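Chains as they are written, first to last, in our numbering: chain A, 1268 to 1555; chain B, 40 to 320.
The beta-carbon is built from N, C-alpha and C at its ideal position, and this holds for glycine as well.
Reading through the structure tokens given below for one structure.
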Ligand SMILES: Nc1ncnc2c1ncn2[C@@H]1O[C@H](COP(=O)(O)OP(=O)(O)NP(=O)(O)O)[C@@H](O)[C@H]1O
Ligand SMILES: Nc1ncnc2c1ncn2[C@@H]1O[C@H](COP(=O)(O)OP(=O)(O)NP(=O)(O)O)[C@@H](O)[C@H]1O
Ligand SMILES: [Mg+2]
Ligand SMILES: [Mg+2]
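Encoded structure:
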């Protein structure tokens, strides 16, 4: 497939810095297709130079698979701009990430919503799993809100790009969302994505709580083998907490499977009150 | 032209920023029945914020919804209850004040003079339909694209009671002395604000009279003080600004004359300014 526009530096424009990341910067910008009067709002993620342990040929390869994900719950790479720095063009999400969303609404968010988002993130992930792909960096900060009732998983592929996989590579890494095998041996698989998924749900049930507050990154491995795990969210019924605890098992193949999770959460979403107890010119990526 | 919405045809998703008498939200306009979710910006006015009755509020809202110019945002809808809510189109790139701040020097003459022409245009438009903005300022100019700015918040000041003399925060440092002293608002009082606005743009975001209380601005204006010549400005360009800050209101430039003096400069910018070089929408 193609579906990956290759843009020239004069076909996009960086307007405002959305926010800065660990290895780059994101931007509120405009896509301006050469040879036509159209301006499309987009998000431009620019990776810092020499930040990726890969040459351009390899980079562009991965961008094709990135630009080839077709699922309502996974964002699609729209275009790329390879030079002395790689820039990623994706659709602009006006309502930001889901983490900041559950934080701003520490409460006025009902159960139905929470279990809903869990089903969706489980759908995007399963999709990837079927296509035999590993996200390697799933977190509530990496889930964007298209509309309150439809969230998409963003940043597919980025980690593999920044060289997560590369064995000998010695570059930050999201330790607090990583499975023991990822932290210990840098092994990434679908069952290691499940751990991150379990951490993600946790972030959502706590309305944006930081995992292992205070606990240094370096201690996380030791605390995990000692048997420690993120605590049961207050609004969570033991039935819900266990599923998360099952995503945090040492044995990778023991952990649930996104397919099972979709059914397990789809079930609870039919009677949420029982499983969660809460008190209460400028076109568009779409029109193109 | 003014859609009247039910408190169920729109959702306030994220707070853009809660200003003086209210809050601006980033939400979704879900036309009842239709199958669309349009991103919009919802500004909600605090309660009792306005000294007027809804019956009248709606009137102004019809006017606000009638502004038809590419350089003046248009009131898409309204939701009248115990609070008034204004639905306008969402400007993802924000306002221009924040833009010149985040680009202290990446912006060349061509742009700056350009924006001055556009703002002059939107403003002229309102004068022509016999309307007064009353609160023009860099923060009230939103960026649709780097090369097209439209004036936002037409109507708000009026609504919040600027004209109701009897009715006791006001953008003092952008107001014509006649506004500050007698609460008088006219096209020629908008020109003063316009000059202060060009001042903001020419200083890449500087604050007007930074350090001087507001209760004192009335003084230093009669004492003859005015905003200092911006570094990148040529005296040719600075006088246009100074002329906008005259005591004799009818002696200040008119927008129609400003659209021409700035357009003339916009032809040879380097000579008037000196710098270093579901979801439709
Ligand atoms: N497509 C998009 N639409 C809207 N906002 C986006 C988009 N992509 C990224 N952002 C925002 O840009 C900011 C930076 O993105 P990014 O660097 O990917 O964040 P992050 O995951 O928090 N970084 P890190 O913790 O270093 O991995 C975040 O605050 C995101 O909300
Ligand atoms: N239509 C819009 N699209 C995008 N952002 C908007 C829109 N209208 C208002 N805003 C933003 O909402 C915030 C609050 O606006 P408003 O309440 O009008 O305050 P303001 O007068 O710009 N700010 P201040 O300088 O604090 O008085 C500002 O940061 C604006 O940039
Ligand atoms: Mg991200
Ligand atoms: Mg404003």
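Original post:
So, helix, strand or coil for residue 234 of chain B, using DSSP?
Top reply: Position 195 of the second chain, counted from the start, is the residue given in the question as residue 234 of chain B. Of the three classes helix, strand and coil, the one that applies to residue 234 of chain B here is helix, per DSSP.
**OP:** Verify the contact flag: residue 229 of chain B, CB atom, against every heavy atom of ligand 4, threshold strictly below 7 Å.
**Re:** Here residue 229 of chain B is taken as the residue at index 190 of the second chain, counted from 1. No; taking the cut-off as 7 Å, the Cβ of residue 229 of chain B has no heavy atom of ligand 4 nearer than that.
Subject >> CB contact flag (residue 1427 of chain A, residue 1399 of chain A, <8 Å) >> reply: Stepping through the first chain from its first residue, residue 1427 of chain A is reached at position 160. Stepping through the first chain from its first residue, residue 1399 of chain A is reached at position 132. Cβ distance not < 8 Å, so residue 1427 of chain A and residue 1399 of chain A don't count as in contact.
Original post:
So with Cβ pairs under 8 Å, would you call residue 184 of chain B a contact of chain A?
Top reply: By one-based count along the second chain, residue 184 of chain B stands at place 145. Answer yes: the Cβ-Cβ gap between residue 184 of chain B and chain A drops below 8 Å somewhere.
Original post:
Would you call residue 241 of chain B buried or exposed, if buried means 16 or more other Cβ atoms sit within 10 Å of its Cβ?
Top reply: For the purposes of this step, residue 241 of chain B is identified with residue 202 of the second chain, where counting begins at 1. The residue is buried, with at least 16 neighbouring Cβ atoms inside 10 Å.
Original post:
Relative to the C-alpha of residue 1287 of chain A, which residue among A:1408, A:1500, A:1433 and A:1468 is closest?
Top reply: By 1-based counting over the first chain, the position of residue 1287 of chain A is 20. The shortest Cα separation from residue 1287 of chain A among A:1408, A:1500, A:1433 and A:1468 belongs to A:1408.
Original post:
Is residue 170 of chain B near ligand 5, judged by its Cβ being under 7 Å from some heavy atom?
Top reply: Only ligand 1, ligand 2, ligand 3 and ligand 4 can be found as ligands here, which leaves ligand 5 out of the picture.
Subject >> residue 1357 of chain A vs residue 1344 of chain A beta-carbon contact at 8 Å >> reply: Stepping through the first chain from its first residue, residue 1357 of chain A is reached at position 90. Stepping through the first chain from its first residue, residue 1344 of chain A is reached at position 77. Going by C-beta atoms, residue 1357 of chain A is nearer than 8 Å to residue 1344 of chain A.
Original post:
Just by C-beta distance, which residues in the stretch 256-271 of chain B are closer than 7 Å to chain A?
Top reply: none
Subject >> Terminal residues of the alpha helix (DSSP H) in which residue 1539 of chain A lies >> reply: Position 272 of the first chain holds residue 1539 of chain A. Taken as a continuous stretch (DSSP letters only), the alpha helix (DSSP H) holding residue 1539 of chain A covers 1539-1542.
Subject >> Cβ-heavy atom distance, residue 179 of chain B to ligand 2, below 7 Å >> reply: Walking along the second chain from the start, residue 179 of chain B turns up at place 140. The answer is yes for residue 179 of chain B.
Original post:
Would a check of beta-carbon distances place residue 61 of chain B closer than 8 Å to chain A?
Top reply: Taking the second chain and counting its residues from 1, one reaches residue 61 of chain B at position 22. So, not an interface residue.
Original post:
When you compare each of A:1310, A:1341, A:1369 and A:1368 to residue 1348 of chain A by their alpha carbons, which one comes out closest?
Top reply: Position 81 of the first chain, counted from the start, is the residue given in the question as residue 1348 of chain A. Ranking the options by Cα distance to residue 1348 of chain A, first place goes to A:1310.
**OP:** Name the residue from B:301, B:256, B:231 and B:277 whose alpha carbon lies nearest to the alpha carbon of residue 289 of chain B.
**Re:** What you label residue 289 of chain B is simply residue 250 of the second chain in a count that begins at 1. Out of B:301, B:256, B:231 and B:277, B:231 has the C-alpha closest to the C-alpha of residue 289 of chain B.
Original post:
Under 7 Å from any heavy atom of ligand 4, does the C-beta of residue 191 of chain B make it?
Top reply: Along the second chain, read from residue 1 onward, the residue named residue 191 of chain B stands at position 152. Indeed, a heavy atom of ligand 4 lies less than 7 Å from the Cβ.
**OP:** Please name the residue or residues paired with residue 1298 of chain A in a DSSP beta bridge.
**Re:** Counted from its first residue, the first chain places residue 1298 of chain A at position 31. Bridge partners of residue 1298 of chain A: A:1279 and A:1307.
Subject >> chain B contacts from the stretch 1353-1364 of chain A (Cβ-Cβ distance under 9 Å) >> reply: 1359, 1361, 1362 and 1363
Subject >> Top-ranked residue by Cα proximity to residue 1540 of chain A, from A:1549, A:1395 and A:1504 >> reply: Locating residue 1540 of chain A in the first chain gives position 273, where the first residue counts as 1. It is A:1504 whose Cα lies nearest to the Cα of residue 1540 of chain A.
Original post:
Should residue 246 of chain B be labelled buried (16 or more other beta-carbon atoms within 10 Å of its own) or exposed?
Top reply: To locate residue 246 of chain B, count along the second chain from 1; it is residue 207. Residue 246 of chain B should be labelled exposed.
Original post:
Any idea what DSSP makes of residue 1437 of chain A, helix, strand or coil?
Top reply: Here residue 1437 of chain A refers to the residue found at position 170 when the first chain is read from its first residue. In this structure, residue 1437 of chain A counts as coil in the three-state DSSP scheme.
Subject >> Among B:278, B:134 and B:254, the one whose alpha carbon lies nearest that of residue 265 of chain B >> reply: Translated into positions along the second chain, residue 265 of chain B becomes position 226. Residue 265 of chain B has its Cα closest to that of B:278, out of B:278, B:134 and B:254.
Original post:
Which of the residues in the stretch 1456-1469 of chain A, read from start to end, lie with their CB under 8 Å from any CB of chain B?
Top reply: none
**OP:** Check whether the Cβ of residue 141 of chain B lies closer than 8 Å to any Cβ atom in chain A.
**Re:** If you number the second chain from 1, residue 141 of chain B lands on position 102. Chain A contact via Cβ: present.
**OP:** Compare the C-beta of residue 1282 of chain A with all C-beta atoms of chain B and state if any pair is closer than 8 Å.
**Re:** Translated into positions along the first chain, residue 1282 of chain A becomes position 15. Judged by the 8 Å Cβ criterion, residue 1282 of chain A is in contact with chain B.
**OP:** Pick out whichever of B:75, B:195, B:305 and B:63 has its Cα sitting closest to the Cα of residue 99 of chain B.
**Re:** In the second chain, the residue the question calls residue 99 of chain B occupies position 60. It is B:195.
**OP:** List the whole-angstrom C-beta distance separating residue 1522 of chain A from residue 1514 of chain A, where the pair is believed to meet the contact cut-off of C-beta under 8 Å.
**Re:** Taking the first chain and counting its residues from 1, the one referred to as residue 1522 of chain A is at position 255. Taking the first chain and counting its residues from 1, the one referred to as residue 1514 of chain A is at position 247. Residue 1522 of chain A to residue 1514 of chain A, Cβ: 5 Å. Contact.
Original post:
Cβ of residue 1364 of chain A versus every heavy atom of ligand 1: is any distance shorter than 7 Å?
Top reply: By 1-based counting over the first chain, the position of residue 1364 of chain A is 97. Checking every heavy atom of ligand 1 against the Cβ of residue 1364 of chain A, one is found closer than 7 Å.
Original post:
If we cut at 8 Å on Cβ distances, does residue 1549 of chain A have a partner in chain D?
Top reply: Given the protein chain composition of this structure (A and B), no chain D is represented.
Original post:
How would you list, in chain order, the residues of chain B whose beta-carbon sits under 8 Å from the beta-carbon of residue 1554 of chain A?
Top reply: Within the first chain, numbered from 1, the residue matching residue 1554 of chain A stands at position 287. Neighbours of residue 1554 of chain A on chain B, chain order: 319 and 320.
**OP:** Quick one: residues in its chain with C-beta nearer than 8 Å to the C-beta of residue 1324 of chain A, no 5 flanking neighbours on either side, listed in chain order?
**Re:** Here residue 1324 of chain A is taken as the residue at index 57 of the first chain, counted from 1. Result list for residue 1324 of chain A: empty, nothing under 8 Å.
**OP:** In angstroms with no decimal places, state the Cα-to-Cα distance between residue 120 of chain B and residue 69 of chain B.
**Re:** In the second chain, counting from the first residue as 1, residue 120 of chain B sits at position 81. In the second chain, counting from the first residue as 1, residue 69 of chain B sits at position 30. Between residue 120 of chain B and residue 69 of chain B, the C-alpha separation is close to 18 Å.
**OP:** Tell me residue 226 of chain B's beta-bridge partners as DSSP assigns them.
**Re:** Here residue 226 of chain B is taken as the residue at index 187 of the second chain, counted from 1. BP columns for residue 226 of chain B are empty, so no partner.
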